[PDB]
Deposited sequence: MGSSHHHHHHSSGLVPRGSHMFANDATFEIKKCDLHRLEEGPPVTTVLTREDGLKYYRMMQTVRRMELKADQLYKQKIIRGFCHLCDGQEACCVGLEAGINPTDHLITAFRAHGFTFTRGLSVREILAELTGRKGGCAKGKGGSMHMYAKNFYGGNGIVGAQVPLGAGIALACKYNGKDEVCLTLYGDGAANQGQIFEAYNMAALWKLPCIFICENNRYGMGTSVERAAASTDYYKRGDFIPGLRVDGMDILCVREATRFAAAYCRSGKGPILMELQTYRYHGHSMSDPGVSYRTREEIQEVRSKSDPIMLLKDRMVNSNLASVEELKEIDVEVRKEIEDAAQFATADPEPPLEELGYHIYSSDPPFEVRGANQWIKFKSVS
């Protein structure tokens, strides 16, 4: 009849949630301890985390099958981070991490297909099979870096470009507790502070007062199992850098399941029903199967593109193979 919106539904539109208070380092006032979730955002976050979760379980299956080779670092259990982080920033903001990057490649906008197909080393991977698990790039996503600690000065340098370019963008630079003793991290803290770079240094602490290791740089310690906690901390941190106050450290603690926590929140406050969420699960599974089928059916890239993309913006040239008689065309 048209008198009520076709999208009108039965549920609450929003609910207010309590989120854990962050421990603070050199900040008088941290992020709020309540936040508002909209039905629309909750369904979004729930679908995204669930997709990362099923993608990573699928990758592990393929890996055990020897279809993925070399490294295959997974972020299952950590979905509140990549999704939480994505939720507190803009698409025009920037993010870099180390090798545990499948989730961020997804939240930054690559399809499950491109991600799995790169893992299985096929021409339909996001790098046509040149990079594999550790080296994937996306829009304002800078990898996907295999040398532990190396991404942190990269991140600080992306943040210097943010400041240089004048568009109020910020950079989120992630590292794991394993890398927190890299000396180049402290070099980056010092230059970031000195230049007031909009760099959110983030330590993904899986399970040692990391958020205080920036010393002069302020820190917050956050519950990385709670997408809402991660979202608010991120918003606070991004707004901190955007105001011109310089860098800040965020320690995300992970180890209870982040998807289940959101699910219970959504059902108990009647933002969504058990049934809606099950149907999302069903659709997510289909997306992951289509992607896995394509990743395993897709051919390897052709041998004649072996030497492609050594240099950007150059005329074509020839690269030598295993002997001087083997020559590969290199095209930018």
{"query": "Stretches of the record's deposited sequence for which the structure holds no C-alpha atoms", "finding": "1-11, 219-231, 280-305"}
